[PDB]
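If you scroll down you'll find the structure; I have some questions about it.
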Amino acid sequence: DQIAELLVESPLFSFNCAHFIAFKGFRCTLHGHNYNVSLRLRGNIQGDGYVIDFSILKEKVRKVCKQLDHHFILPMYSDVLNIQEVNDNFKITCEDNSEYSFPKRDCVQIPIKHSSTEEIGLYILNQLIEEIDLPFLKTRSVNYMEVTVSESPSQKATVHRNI
Amino acid sequence: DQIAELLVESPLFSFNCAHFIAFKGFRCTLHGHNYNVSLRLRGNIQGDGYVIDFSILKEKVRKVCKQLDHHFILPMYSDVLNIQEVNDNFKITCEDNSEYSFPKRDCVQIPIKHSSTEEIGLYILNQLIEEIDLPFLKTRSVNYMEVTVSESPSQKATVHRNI
Amino acid sequence: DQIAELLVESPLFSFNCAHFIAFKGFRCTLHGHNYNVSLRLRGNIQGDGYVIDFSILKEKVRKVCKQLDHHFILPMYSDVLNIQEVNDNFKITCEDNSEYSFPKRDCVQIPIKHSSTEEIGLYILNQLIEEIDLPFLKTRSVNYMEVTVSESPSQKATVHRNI
Amino acid sequence: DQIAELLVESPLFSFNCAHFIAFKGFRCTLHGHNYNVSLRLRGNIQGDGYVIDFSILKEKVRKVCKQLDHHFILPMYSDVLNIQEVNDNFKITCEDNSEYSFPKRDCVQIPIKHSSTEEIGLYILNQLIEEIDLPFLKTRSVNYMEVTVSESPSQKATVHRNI
Amino acid sequence: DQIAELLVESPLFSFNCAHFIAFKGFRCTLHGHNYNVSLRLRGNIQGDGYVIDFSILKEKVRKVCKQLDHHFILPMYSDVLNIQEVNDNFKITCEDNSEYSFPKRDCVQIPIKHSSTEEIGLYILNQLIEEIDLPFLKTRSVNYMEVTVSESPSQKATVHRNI
Amino acid sequence: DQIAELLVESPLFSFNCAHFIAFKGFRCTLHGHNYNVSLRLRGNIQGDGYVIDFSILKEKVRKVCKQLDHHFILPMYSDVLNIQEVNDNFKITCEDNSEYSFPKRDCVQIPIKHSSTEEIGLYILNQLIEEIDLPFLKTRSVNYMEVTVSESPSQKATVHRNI
């Protein structure tokens, strides 16, 4: 067989989100980004001439991005935020006693500790593998999946999993 | 004399901000963008060989961007937001009764009606002309100033003023 | 009022097509391109804070592109091609007696003389104005529409209409 | 010694071709692309200060691209196309009985099964190594050659060989 | 008739040159740039379907660039440089008594006062019109020629002539 | 733990320098480039949610670039240049007896043999590790550092060190 590595990357694989960084002894102000996601994978070229169809990769990256897009990204497991449910809002209180409140529907609660590029990348990697489907990946011989997330064109984090 | 048109554009001329769109009968969710600003100008080439030094354009675009960067962009003159001062926060209430609250220091209050690309462009154009200095522009023979603001690589608004 | 100029441009505004150039005393070989379309317009900023919503521009550029995408572009009005209907194919004969045949369904017949970037740009401009809708443009105060078509990143043609 | 990895990539390393995808139970329509080729290699920095001269890499990528450019890409080993020689044309018949005919001189017959990005990448990799010359590569200490082919900016396949 | 505007722009339209800025009361250090040139023109679409063939524009931009490429750019008409011919070198003395010497063959003497982007743009515009040929432009109905020169991706000057 | 790989890359990580290539039996003319530097690193995501803060990477890449920027790059260890100190200049004599002279302050003397992209990359890699600080990198768990240097957008060299 012949190994090939596929890359899909596009201005469409975007989610335009608000967030703020907080960790021990530090809190940044609320702001936002046009995050962008690329996906790279490795498998053998199949009898149909593809490792896996690009169209499916594009469909599923778009799907995951679309869930995050146009929301405030809210970590679930942060040790430095107090996240309160107040009526139909999340009220967030930082260690410096700064306070924020957002409609719950404007927020996407993600099982991460920090809304950093790195942790968001790991989350997306796990979601992309679920959406494309792990058994389906293995039928295509895919053995490696890698996600790059950029928070702006100049700063990216890349994570992978051997499958 | 010889007319020349200068363009300065860069990933540095950025402000990474949160905002949300609201106008009559419409409210989007809180989200964010890596806004980018380019500046174009026209004047005659001076005896020193420049219309105006690129370094000054870069310094001042960076300065204006830096004031907006890492904040929630809050319009001052919106007819569809109720903006309340609560302790050290701005509490914002929309026509659909959605409610937000942010530390005032996380917000940049801008004399616009909507945090649209177009209105933000007009605001930046006016600020850039103040920062570079209008009399200084006229000493360099500059007669045209134009700002492009992008909210993402695929959507830009451009405004100008004849001076 | 305040004039603003909007630009929408994206790798999505694409149509990946085959074509070949033929004009008097010249015929190139069959080949293809990832054509890309940008749209620029001018109007006044409306009470909602937009000249016109970017989402509608993106929707309609995508629509026009999608009709052309994945087809052979066939001119209707060429003076140097003999275009024959043979069963469910178009058979095309050039002045040098070169012959081609394609399934009609693989072809998009366009009311142009040459599949040049310039003529394709004029065709798209006319189609985009129909799709977005001319009366709707005038309600938004749009007075200028301009299309750029690229046949590769290094060669573009731009056409406009005052409306 | 010191390992270095060289990358050459450029809008010039292009071939603007028509093709169509066909494999069992599937046929797309005729269309085209601005394919782009990048080359990456690894060797030790030589006493002249280069792993290998960039100019030679650029010359040979251009050469291989130029053979494919402005042609229909025709696979030789497809199990789902019937490729007939008719006078000075290739007549191609698909499993759904769709029929195409092209002048042979407009076609480039390539020893692949599918005109997919992956198979085209393997073909180019093999050709680039022949053109630059394998013994010449080994005199420069090059031990790794890798080709990326893009069919559009958003979809790429990458193949390599250890030499 | 139909007006169209053509743009050609490419990483190939490059000249990698050394220069330094000097004007009254100012001298920068010797350094260099990958200058890039784009050309924009306006004419009517001709009976062959082109305003003018892109290939000719590309050929001639490459030609002009190639004359400047890999040289020190030496102004002829500077009021602040003393340019001496010493054996087979140019010895250049600045107002601060700084001194440089280069082989004449490493230098390209250009009829400008300052090696600024603006003056280099005017020079290239004049050369491009000579190379493509003014009478030939008028046979194609071209009435406007415009050159953009960038000294780096973030700083460009644009000059034009109505013809 | 979770491995992540960070990339920082930007038009700001630039140094606009003059240089010329000389090695045995070869000398190019004086010219220049907008060199660009990217940095890639690998470590584990720390309890603060970062492998290492992007801001520190950006600060230090800028610092190293800034030392080289706006100078002639002068190798220290070339076997084919005769480098003489003459008053406040370096006079450089090549094997073909070509002669150059530059103010010492316009030159940056770098401990390399050739001003090639590869050797400049190794030098920058070593400097970046010193500037960010090796012990500080190891506190962040960083185990891999990699620098890419481009002399123009189309030609790059990449070097790394396991730490």
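Quick notes on this structure:
Chains here go by letter, A, B, C, D, E and F, matching the order in which they are written, and residues are numbered from 1 within each.
Simple rule for what comes next: contacts are C-beta pairs under 8 Å (C-beta built on N, C-alpha and C of every residue); 3 or more make two chains touch, one makes a residue touch a chain.
For B-C, the equivalent interface among the listed pairs A-F, C-D or D-E is A-F, as over half of the contact pairs agree by residue number. Remark: chain A and chain B have CA centroids separated by 29 Å (rounded to whole angstrom). The mean-CA centres of chain C and chain F are about 46 angstrom from one another, to the nearest whole unit.
Rounded to whole angstrom, the centroid-to-centroid distance between chain A and chain D, based on C-alpha atoms, equals 33 Å. Of all residues in chain D, those touching 2 or more other chains are 10-12, 153-154, listed in ascending order.
Working note: touching chain pairs come out as A-B, A-C, A-D, A-F, B-C, B-E, B-F, C-D, C-E, D-E, D-F, E-F.
Touching chain E in their complex are the following residues of chain F: 11, 14, 16-20, 28-34, 69-72, 89, 91, 98-103, 105-106, 151-154. For chain B in complex with chain C, the touching residues are 21, 23-24, 26, 113-116, 118-119, 121-122, 148, 153-160.
Within the complex formed with chain A, the chain F residues making contact are 2-10, 12, 45, 47-51, 54, 58. Interface residues of chain D, counted against chain E in their complex, comprise 10-12.
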